[PDB]
Amino acid sequence: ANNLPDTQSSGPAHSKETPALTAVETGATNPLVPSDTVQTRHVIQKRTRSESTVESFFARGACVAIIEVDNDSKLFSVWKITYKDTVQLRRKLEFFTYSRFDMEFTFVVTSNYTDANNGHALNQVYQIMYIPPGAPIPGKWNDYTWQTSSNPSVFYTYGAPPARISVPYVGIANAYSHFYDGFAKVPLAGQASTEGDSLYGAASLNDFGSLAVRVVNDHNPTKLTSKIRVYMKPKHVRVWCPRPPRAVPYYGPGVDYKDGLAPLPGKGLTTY
Amino acid sequence: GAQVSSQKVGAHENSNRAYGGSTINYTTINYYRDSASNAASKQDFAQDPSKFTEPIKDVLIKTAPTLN
Amino acid sequence: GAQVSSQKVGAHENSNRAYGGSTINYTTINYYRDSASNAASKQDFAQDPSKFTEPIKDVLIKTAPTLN
Amino acid sequence: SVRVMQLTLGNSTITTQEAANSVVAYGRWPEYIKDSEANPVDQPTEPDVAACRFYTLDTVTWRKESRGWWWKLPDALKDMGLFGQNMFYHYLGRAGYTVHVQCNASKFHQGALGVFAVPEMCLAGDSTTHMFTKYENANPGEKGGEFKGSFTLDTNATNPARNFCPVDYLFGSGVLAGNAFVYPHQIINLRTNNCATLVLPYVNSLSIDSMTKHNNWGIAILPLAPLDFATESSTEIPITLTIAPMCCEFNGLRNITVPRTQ
Amino acid sequence: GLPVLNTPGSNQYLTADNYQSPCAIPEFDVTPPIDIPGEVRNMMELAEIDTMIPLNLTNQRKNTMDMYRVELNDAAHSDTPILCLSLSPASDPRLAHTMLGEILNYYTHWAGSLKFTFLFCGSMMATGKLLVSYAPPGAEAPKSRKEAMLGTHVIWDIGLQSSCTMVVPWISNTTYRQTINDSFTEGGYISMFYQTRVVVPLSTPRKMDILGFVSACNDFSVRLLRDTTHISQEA
Amino acid sequence: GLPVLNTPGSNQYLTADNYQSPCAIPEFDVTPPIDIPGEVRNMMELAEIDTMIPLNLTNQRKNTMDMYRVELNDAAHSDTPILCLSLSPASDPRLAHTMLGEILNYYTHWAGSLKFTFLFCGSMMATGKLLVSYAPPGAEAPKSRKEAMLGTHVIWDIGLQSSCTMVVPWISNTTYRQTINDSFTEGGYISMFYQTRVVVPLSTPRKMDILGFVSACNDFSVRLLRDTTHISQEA
Amino acid sequence: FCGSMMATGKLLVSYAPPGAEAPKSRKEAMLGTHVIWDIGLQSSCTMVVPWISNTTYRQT
Ligand SMILES: COc1ccc(OCc2ccc(COc3c(Cl)cccc3Cl)cc2)c(Cl)c1
């Protein structure tokens, strides 16, 4: 996040040192600066790379999900936690193979009457319950699971500033894997083809669990719908192994492609 | 437990406060026990790109012949 | 009356603030007279399970024969 | 000089008189797990010279029409001597590698091969079903696979191939191939060098993993400038791949694993 | 007054927050404590106590005292397993309801070593050698003593010391495993075989039981508190 | 309590704010880090790595491996350009999709020097001299070697060192340029010509390819994070 | 190597201690002691057959 070096003045040359010539076969990039190939003046550099630090690049709340609940089973909804339901944050994360950070979740809740001239309801309170992989998932908008004696819940009152909570680095590995070239199972010799088969590039069937959202108020016959837009921001970021960015449209959770396979336009070789 | 850092002043007001004093510092205090609750300090460091730009075993000088 | 404790930093930002200073400390001040109003400090200790795992009168070594 | 080298590992030695230096991926040389980064508590096995030696996989042939080749590690070495034995007898395994690609021609030939080492080299499949490639197809072993010039969707619903369909300009994963240079690599330009040498440390989000379930590195070879000779529309030059595992340590010994095949 | 700015998250109720609040019964004279025996500081203390495993969940034995008894006999040597188990402490039906399994079901991740102790309840005149085994995941689950003997194992000789402990070391790829049945974080197999055979003289019972116990080692830990599926409430 | 006064901006949600919030999973035992190779601290590190330029976007070559190959031949000397490009790193179709261009499309401003490296992939028996040029904006785009030679240029002699780098110095009026095609912040023209001609002996290929690479210099910086147009989502 | 200067090539010279099947393919040979010879300026290549024996001396 710092300063750039100054340009030193450089005069003419006539020597056996040729920085302009190189050999990219080695796998290295030629570290030339302007003064290597032209005469330069002294410039005191004041520009910095403060905004392109790994932290500043991700320091934005991106939408990862839009959970919908109809307060007239739709009285409650469950969202399997992921960053792949949307494309924008996903593409930025995928510039790297591994990552490690904390997360900040902000929830923007909106609601409205479906009918322009019918129904009425008192102010709604929402419960956003996190169900860690293993915990019982709600079957009804009002069954015993909503007691949350151990699961973390967030109760949001409609109209209040967006709710917000922080989550630590929760991975079971030392870093989050954006790419996993493997399987969760190894098919063994002799077992039925139905056996030992698993998805390519998938780890746990339930990585991070899911969110169960519901309106706590008793539902009125009035037609109402609410939407909880989930925004996530990685804070305290560290990333490893850069990768080229996604060039064609995403086709699922994997690196699969199908449709926009011809991303580049035509342009004449000798056309400026 | 307050942390006092200085800001990098961009646009300067016609004040001496825009050039010195606590007027170009900002104060921070953590209220939560879990580090996850903390904001980002944003006083982030940089590093050498060499691991990517020149992952070569036998180090070479730009003035000198790459293929030797 | 402020209590300043340090946090156990999990994920580290690319800052020196993530490794030291008041930036890895958190501050606490009690506002109520009754201790019941206080939050939980969560700086909780552990103990020896022996009272449950080995409530034996005559202490025995694992290498040595239990039935002697 | 930058051009002459000799690599000795165990009982195997490789010599070259036309190198273009060597690349050490991310500037990290392979190493063993430190006590501060250790996870499994059992005593590891370290075959050393019996496993850390040069193994020559099958030779492929480069023609004017070739699109490219790919291999997965440790997969390509699963049947290689005592390295393969240790891989299958243990639940966990870790290793780094020295990849030496060989390709000689003459002063009247042209062509350039881009040799890339990719961590977590996930490839694209052939169906509309996501992540449908089956284990047997994803792990070809020493013979590896090939890149294609175009995407062709498998439509046989009765008998889906469940295979990869890596299109070359899309780097087999939906990214542009010209940007694959952000990964450790070397280029075998026929007018300059014979080979490419890459030293790969162990890369993963864990200190040790299952070698049968997970491939850490992928080796991709793409013709950047096609093979051409004098006036012989007909030209074929072989490309031999020699890889040596390094700092092998395995944990969790039991009965041998025999994976399902074909 | 002092100028303030309300940040997002204001007026919300996080079920896991840790704030101060006013006391509804001020100046209350609290009854002082007394030194009651058996105080607990950490839930892991309870996971380290041996608890009997319901190993025999066959239809006639499950949910009876017989689910805890695994019977042996003086038959000639056989290479077939006496029992088989999967190292899924929170999900395997035989482990999920032990004190260890009960606690693991209130957490999402577990890591550490475990130990299985077996008690021989035959007569004093009975002798025998058994092989207890643990095979890390990834290969075929052992079905003969020949395969089991290739993994971690303890050859138990029966005699004065009635019990034998086999430690299942922490051998994992991930730093923590999940408390659900998931192949990515699978733990391996536990099995028992006859090394020689149980031998008894005349006028002695030819069949006897062994009981199994499970507890966590001192390097065991759990994280991410969650709700258990072991308790429900209808209406 | 303490008298406070709510200022405008209260209860809003700025997507780019930086505040503290309560932790939903308190006292969680975080898995420590390991030293994984290839860590990145700044996005500009990636912009400094050579990435191959898709120079040949003709209808038959675009979106194929041929878009990266620019063919040369042993024809007699000509003063016509081998290729032409505009210095609009984020918007020119040939630069916009390189690693450099991809990163620039997440920012609104860019400033600094760039360098273009060309690799000769002909046979060893082939020789030749080429002129690579850069003309700052404001005049007619060079169409002959005679005009190109009047600006910044490097005369590349082909031989042992297979590649040649031409640095495009930061010559601008504004302190930062925009990442969109805009005349006010236009950058100039890049072109290549034959200085002499490519010469090959008998029994040698008369046509060969050259590949181009682009990367940022150590004085390069970007600012004002924005959203890219390189990724979309329908429905 | 007594070919012309224009000739190139890589060869694998191997040594397999006794006891197994004599190598008949490069695949078997590559598993024993071997030197991969790259042809070029240095015209020759040496492969050392190390003393690997059970007895302290062998018979002639
Ligand atoms: C590589 O990029 C990643 C890695 C992990 C991720 O998710 C991990 C994750 C795990 C638990 C929770 C649970 O968080 C919550 C809690 Cl406790 C309470 C209330 C609401 C929420 Cl929301 C949320 C996210 C995401 Cl979104 C991107």
# chains A, B, ... in the order shown; residues from 1 in each chain; ligands from 1
>>> residues_near_ligand(ligand="ligand 1", cutoff="7 Å", atoms="only C-alpha atoms and all ligand atoms", output="MDAnalysis selection string")
(chainID A and resid 81:83 93 99 105 128:130 152:154 165 167 170 176:178 208:209 211 232) or (chainID F and resid 24:25)
>>> write_last_selection(atoms="C-alpha atoms", output="tab-separated table (two decimals), in the first residue's frame")
chain	number	residue	atom	x	y	z
A	81	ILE	CA	-24.60	-20.57	2.56
A	82	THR	CA	-22.41	-19.86	-0.50
A	83	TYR	CA	-20.70	-17.07	-2.47
A	93	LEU	CA	-12.35	-14.08	-5.04
A	99	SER	CA	-7.99	-17.19	1.05
A	105	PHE	CA	-22.63	-9.73	7.01
A	128	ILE	CA	-32.39	-15.10	10.91
A	129	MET	CA	-31.13	-18.36	12.41
A	130	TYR	CA	-27.82	-19.92	11.44
A	152	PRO	CA	-26.85	-17.94	16.72
A	153	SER	CA	-29.98	-15.96	15.76
A	154	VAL	CA	-30.51	-12.37	14.70
A	165	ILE	CA	-22.76	-9.36	12.41
A	167	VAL	CA	-17.97	-14.15	11.63
A	170	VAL	CA	-14.39	-20.77	10.21
A	176	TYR	CA	-10.49	-21.48	2.24
A	177	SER	CA	-10.04	-23.28	-1.10
A	178	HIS	CA	-11.56	-21.47	-4.08
A	208	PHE	CA	-20.99	-24.05	6.01
A	209	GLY	CA	-24.58	-24.92	6.80
A	211	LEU	CA	-29.66	-19.71	7.13
A	232	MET	CA	-20.85	-9.94	2.74
F	24	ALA	CA	-22.00	-14.19	15.98
F	25	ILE	CA	-19.69	-17.10	16.91
>>> residues_around(residues="residue 258 in chain D", least_positions_apart="6", cutoff="12 Å", atoms="only C-alpha atoms", output="MDAnalysis selection string")
(chainID A and resid 186:191) or (chainID D and resid 78:79 84:85 87:90 212) or (chainID E and resid 138:141)
>>> residues_around(residues="residue 235 in chain F", least_positions_apart="6", cutoff="12 Å", atoms="only C-alpha atoms", output="list in words")
residues 85, 86 and 87 of chain A
>>> interface_residues(of="chain F", to="chain D", cutoff="8 Å", atoms="only C-alpha atoms", output="NGL selection string")
:F and (34 or 36-38 or 46 or 49-54 or 63-65 or 68-69 or 98-99 or 121-125 or 160 or 162 or 203-205 or 208-209)
>>> write_last_selection(atoms="C-alpha atoms", output="short mmCIF file (atom, residue, chain, number, x, y, z; two decimals), in the first residue's frame")
data_model
loop_
_atom_site.label_atom_id
_atom_site.label_comp_id
_atom_site.auth_asym_id
_atom_site.auth_seq_id
_atom_site.Cartn_x
_atom_site.Cartn_y
_atom_site.Cartn_z
CA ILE F 34 0.33 -22.33 7.54
CA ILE F 36 1.36 -21.50 1.85
CA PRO F 37 3.59 -20.56 -1.14
CA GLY F 38 2.55 -17.71 -3.43
CA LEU F 46 -0.22 -9.32 -10.70
CA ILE F 49 3.69 -10.26 -14.67
CA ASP F 50 4.00 -10.73 -18.43
CA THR F 51 0.75 -11.91 -19.97
CA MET F 52 0.29 -12.87 -23.65
CA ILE F 53 -1.58 -10.35 -25.80
CA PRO F 54 -4.35 -11.52 -28.19
CA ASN F 63 -11.34 -16.62 -29.94
CA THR F 64 -8.91 -19.34 -30.99
CA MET F 65 -5.25 -19.92 -30.19
CA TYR F 68 -2.15 -14.79 -30.06
CA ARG F 69 -0.01 -15.46 -33.12
CA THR F 98 -4.84 -9.48 -20.57
CA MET F 99 -4.13 -9.86 -16.82
CA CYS F 121 9.35 -18.20 -32.61
CA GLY F 122 11.02 -18.74 -35.96
CA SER F 123 13.80 -21.24 -36.48
CA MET F 124 17.36 -20.66 -35.37
CA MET F 125 18.38 -20.14 -39.02
CA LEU F 160 20.33 -15.62 -29.26
CA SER F 162 14.91 -14.45 -28.37
CA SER F 203 15.14 -25.83 -46.34
CA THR F 204 13.85 -23.44 -43.67
CA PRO F 205 10.27 -22.21 -43.01
CA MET F 208 6.98 -17.81 -38.47
CA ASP F 209 5.15 -16.36 -35.50
#
>>> select_by_dssp(residues="chain C", states="strand (DSSP E or B)", output="ChimeraX atom specification")
/C:3-6,15,25-28
>>> write_last_selection(atoms="N, CA, C and O atoms", output="mmCIF file, in the first residue's frame")
data_model
loop_
_atom_site.group_PDB
_atom_site.id
_atom_site.type_symbol
_atom_site.label_atom_id
_atom_site.label_comp_id
_atom_site.auth_asym_id
_atom_site.auth_seq_id
_atom_site.Cartn_x
_atom_site.Cartn_y
_atom_site.Cartn_z
ATOM 1 N N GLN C 3 -11.019 -1.425 31.734
ATOM 2 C CA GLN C 3 -10.275 -2.668 31.767
ATOM 3 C C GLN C 3 -9.811 -2.907 30.325
ATOM 4 O O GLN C 3 -10.624 -2.922 29.398
ATOM 5 N N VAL C 4 -8.506 -3.031 30.125
ATOM 6 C CA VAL C 4 -7.966 -3.262 28.788
ATOM 7 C C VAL C 4 -7.355 -4.658 28.660
ATOM 8 O O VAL C 4 -6.360 -4.973 29.308
ATOM 9 N N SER C 5 -7.995 -5.515 27.871
ATOM 10 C CA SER C 5 -7.501 -6.869 27.665
ATOM 11 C C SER C 5 -7.073 -7.010 26.216
ATOM 12 O O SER C 5 -7.369 -6.150 25.379
ATOM 13 N N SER C 6 -6.360 -8.084 25.913
ATOM 14 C CA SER C 6 -5.922 -8.314 24.546
ATOM 15 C C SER C 6 -6.747 -9.426 23.914
ATOM 16 O O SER C 6 -7.208 -10.353 24.600
ATOM 17 N N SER C 15 -1.170 -6.175 8.042
ATOM 18 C CA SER C 15 -0.787 -4.976 8.791
ATOM 19 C C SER C 15 0.032 -5.398 9.983
ATOM 20 O O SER C 15 -0.115 -6.515 10.493
ATOM 21 N N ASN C 25 -6.036 -5.061 21.197
ATOM 22 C CA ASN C 25 -6.536 -4.952 22.565
ATOM 23 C C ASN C 25 -7.975 -4.491 22.452
ATOM 24 O O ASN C 25 -8.373 -3.931 21.433
ATOM 25 N N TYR C 26 -8.751 -4.693 23.505
ATOM 26 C CA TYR C 26 -10.126 -4.241 23.519
ATOM 27 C C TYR C 26 -10.342 -3.623 24.896
ATOM 28 O O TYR C 26 -9.709 -4.026 25.874
ATOM 29 N N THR C 27 -11.197 -2.611 24.952
ATOM 30 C CA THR C 27 -11.460 -1.887 26.187
ATOM 31 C C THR C 27 -12.857 -2.132 26.744
ATOM 32 O O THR C 27 -13.826 -2.243 25.992
ATOM 33 N N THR C 28 -12.947 -2.211 28.071
ATOM 34 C CA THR C 28 -14.203 -2.471 28.787
ATOM 35 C C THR C 28 -14.400 -1.528 29.990
ATOM 36 O O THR C 28 -13.444 -1.229 30.701
#
>>> select_by_dssp(residues="chain G", states="alpha helix (DSSP H)", output="JSON, numbers by chain")
{"G": [26, 27, 28, 29]}
>>> closest_atom_pairs(of="chain F", to="chain B", cutoff="8 Å", atoms="only C-alpha atoms", output="tab-separated table")
residue	atom	partner	partner_atom	distance
F:18	CA	B:39	CA	5.7
F:19	CA	B:39	CA	5.2
F:20	CA	B:39	CA	5.0
F:21	CA	B:37	CA	5.1
F:22	CA	B:37	CA	5.5
F:23	CA	B:37	CA	5.4
F:26	CA	B:34	CA	6.6
F:27	CA	B:34	CA	7.1
F:38	CA	B:51	CA	6.9
F:40	CA	B:47	CA	7.9
F:41	CA	B:46	CA	5.4
F:42	CA	B:46	CA	6.2
F:45	CA	B:49	CA	5.3
F:46	CA	B:49	CA	7.8
F:48	CA	B:53	CA	6.9
F:49	CA	B:53	CA	5.2
F:50	CA	B:53	CA	7.7
F:160	CA	B:67	CA	7.3
F:161	CA	B:67	CA	6.3
>>> interface_residues(of="chain F", to="chain E", cutoff="6 Å", atoms="only C-alpha atoms", output="mmCIF file with N, CA, C and O atoms, in the first residue's frame")
data_model
loop_
_atom_site.group_PDB
_atom_site.id
_atom_site.type_symbol
_atom_site.label_atom_id
_atom_site.label_comp_id
_atom_site.auth_asym_id
_atom_site.auth_seq_id
_atom_site.Cartn_x
_atom_site.Cartn_y
_atom_site.Cartn_z
ATOM 1 N N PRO F 3 -25.982 12.761 27.408
ATOM 2 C CA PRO F 3 -26.731 13.432 26.341
ATOM 3 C C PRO F 3 -26.021 13.335 24.985
ATOM 4 O O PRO F 3 -24.857 13.726 24.862
ATOM 5 N N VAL F 4 -26.737 12.840 23.974
ATOM 6 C CA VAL F 4 -26.204 12.682 22.623
ATOM 7 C C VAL F 4 -27.098 13.393 21.606
ATOM 8 O O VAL F 4 -28.239 13.735 21.912
ATOM 9 N N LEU F 5 -26.562 13.637 20.415
ATOM 10 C CA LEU F 5 -27.285 14.316 19.340
ATOM 11 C C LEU F 5 -26.985 13.550 18.057
ATOM 12 O O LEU F 5 -25.836 13.444 17.651
ATOM 13 N N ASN F 6 -28.023 13.027 17.418
ATOM 14 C CA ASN F 6 -27.879 12.261 16.184
ATOM 15 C C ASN F 6 -27.642 13.122 14.964
ATOM 16 O O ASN F 6 -28.457 13.983 14.622
ATOM 17 N N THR F 7 -26.533 12.858 14.289
ATOM 18 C CA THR F 7 -26.160 13.622 13.111
ATOM 19 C C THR F 7 -26.644 12.957 11.819
ATOM 20 O O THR F 7 -26.981 11.765 11.808
ATOM 21 N N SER F 10 -26.969 9.017 10.131
ATOM 22 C CA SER F 10 -27.332 8.011 11.108
ATOM 23 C C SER F 10 -28.306 6.981 10.537
ATOM 24 O O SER F 10 -29.228 7.332 9.794
ATOM 25 N N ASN F 11 -28.078 5.712 10.882
ATOM 26 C CA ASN F 11 -28.918 4.577 10.468
ATOM 27 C C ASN F 11 -28.831 4.191 9.002
ATOM 28 O O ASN F 11 -29.650 3.405 8.513
ATOM 29 N N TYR F 13 -26.624 2.727 5.568
ATOM 30 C CA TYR F 13 -25.716 1.624 5.311
ATOM 31 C C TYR F 13 -24.851 1.962 4.095
ATOM 32 O O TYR F 13 -25.311 1.891 2.954
ATOM 33 N N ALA F 24 -20.935 -13.210 15.832
ATOM 34 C CA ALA F 24 -21.998 -14.193 15.979
ATOM 35 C C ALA F 24 -21.527 -15.550 16.505
ATOM 36 O O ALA F 24 -22.332 -16.340 16.975
#
>>> residues_around(residues="residue 27 in chain G", least_positions_apart="6", cutoff="9 Å", atoms="only C-alpha atoms", output="JSON, numbers by chain")
{"D": [55, 56, 57, 58]}
>>> closest_residue(among="A:196, A:221, A:61, A:242", to="chain B", atoms="only C-alpha atoms")
A:242
>>> interface_residues(of="chain G", to="chain D", cutoff="8 Å", atoms="only C-alpha atoms", output="list in words")
residues 6, 7, 8, 9, 10, 27, 30, 31, 32, 33, 34, 35, 36, 37, 38, 39, 40 and 41 of chain G
>>> write_last_selection(atoms="N, CA, C and O atoms", output="short mmCIF file (atom, residue, chain, number, x, y, z; two decimals), in the first residue's frame")
data_model
loop_
_atom_site.label_atom_id
_atom_site.label_comp_id
_atom_site.auth_asym_id
_atom_site.auth_seq_id
_atom_site.Cartn_x
_atom_site.Cartn_y
_atom_site.Cartn_z
N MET G 6 24.62 -31.13 -36.78
CA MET G 6 23.21 -30.80 -36.94
C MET G 6 22.24 -31.79 -36.29
O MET G 6 21.03 -31.52 -36.21
N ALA G 7 22.76 -32.92 -35.82
CA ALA G 7 21.95 -33.95 -35.19
C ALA G 7 21.79 -33.71 -33.69
O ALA G 7 22.74 -33.31 -33.02
N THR G 8 20.58 -33.92 -33.17
CA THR G 8 20.33 -33.75 -31.74
C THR G 8 19.61 -35.00 -31.22
O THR G 8 19.25 -35.87 -32.00
N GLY G 9 19.41 -35.08 -29.91
CA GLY G 9 18.73 -36.23 -29.35
C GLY G 9 19.00 -36.43 -27.87
O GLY G 9 19.96 -35.87 -27.35
N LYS G 10 18.13 -37.17 -27.20
CA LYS G 10 18.29 -37.47 -25.77
C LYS G 10 18.20 -38.99 -25.64
O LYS G 10 17.31 -39.61 -26.23
N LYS G 27 10.57 -48.19 -19.79
CA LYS G 27 9.80 -48.09 -18.56
C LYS G 27 10.43 -48.87 -17.40
O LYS G 27 10.41 -48.41 -16.27
N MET G 30 14.23 -47.28 -16.60
CA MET G 30 14.15 -46.01 -15.89
C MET G 30 13.99 -46.16 -14.36
O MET G 30 14.23 -45.21 -13.63
N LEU G 31 13.62 -47.35 -13.90
CA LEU G 31 13.44 -47.61 -12.47
C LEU G 31 14.75 -47.93 -11.74
O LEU G 31 14.77 -48.03 -10.51
N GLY G 32 15.83 -48.11 -12.50
CA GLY G 32 17.12 -48.40 -11.91
C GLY G 32 18.05 -47.21 -12.07
O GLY G 32 17.60 -46.10 -12.36
N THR G 33 19.34 -47.43 -11.86
CA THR G 33 20.33 -46.36 -12.01
C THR G 33 20.37 -45.94 -13.47
O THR G 33 20.53 -46.77 -14.36
N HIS G 34 20.24 -44.64 -13.74
CA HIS G 34 20.28 -44.20 -15.12
C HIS G 34 20.71 -42.75 -15.28
O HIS G 34 20.59 -41.96 -14.35
N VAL G 35 21.26 -42.44 -16.44
CA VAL G 35 21.71 -41.09 -16.78
C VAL G 35 21.04 -40.69 -18.10
O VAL G 35 21.11 -41.44 -19.09
N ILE G 36 20.33 -39.56 -18.11
CA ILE G 36 19.67 -39.07 -19.32
C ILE G 36 20.66 -38.14 -20.00
O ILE G 36 21.00 -37.08 -19.49
N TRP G 37 21.18 -38.63 -21.12
CA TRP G 37 22.17 -37.96 -21.94
C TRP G 37 21.58 -37.03 -22.99
O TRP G 37 20.84 -37.47 -23.87
N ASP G 38 21.89 -35.74 -22.88
CA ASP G 38 21.44 -34.77 -23.86
C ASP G 38 22.63 -34.51 -24.77
O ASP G 38 23.71 -34.15 -24.31
N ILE G 39 22.44 -34.74 -26.06
CA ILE G 39 23.49 -34.55 -27.06
C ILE G 39 23.70 -33.08 -27.44
O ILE G 39 22.74 -32.33 -27.64
N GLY G 40 24.96 -32.67 -27.52
CA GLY G 40 25.27 -31.29 -27.87
C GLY G 40 26.77 -31.11 -27.93
O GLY G 40 27.49 -32.05 -28.28
N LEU G 41 27.26 -29.93 -27.55
CA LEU G 41 28.70 -29.61 -27.57
C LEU G 41 29.60 -30.66 -26.93
O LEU G 41 30.62 -31.05 -27.51
#
>>> interface_residues(of="chain D", to="chain B", cutoff="6 Å", atoms="only C-alpha atoms", output="number ranges by chain")
D: 1-2, 22-24, 26-27
